[PDB]
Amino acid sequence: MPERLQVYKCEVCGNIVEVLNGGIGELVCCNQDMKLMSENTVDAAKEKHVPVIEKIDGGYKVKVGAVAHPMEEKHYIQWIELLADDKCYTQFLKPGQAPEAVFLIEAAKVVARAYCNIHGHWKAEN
């Protein structure tokens, strides 16, 4: 049963969606259950995938990760998301760009998430 903020992927066609409103029905695509992309579950280099959160004037800077993650055509961070109270800010990225995002927001406690097309969903919090 889907819950707000969960990210699901169809392993067949590649559709990836985020839940805005939950419910009882299971998400399906290409004749199979969409996969719940649970954070920090994939066996990949943590130093390149776990977001690093830096407090800045008026907000936060998030970089993926402690060591810059590749931003190649076949391997890159597709987006970085910042979660704070009832806010969900997303910055989509492209190969060639730096694996980082800046968010102007007033929130003491935040959760940063990032998604690698190959290595999945990752998160960190301050």
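Sequential numbering from 1, following the sequence displayed.
The mean Cα B-factor in the deposited entry runs higher for 98-106 than for the other of 98-106 and 8-16. Just going by the entry, 52-60 versus 27-35 on mean CA temperature factor gives the higher value to 52-60. Sort the modelled residues of the chain by CA B factor and residue 68 lands in the middle third.
Per the deposited record, the Cα B-factor of residue 44 falls in the highest third when ranked against the other modelled residues of its chain. For residue 93, the recorded CA temperature factor ranks within the middle third of the chain's modelled residues. Ranked against the other modelled residues of its chain, the C-alpha B-factor of residue 83 as given in the entry falls in the middle third.
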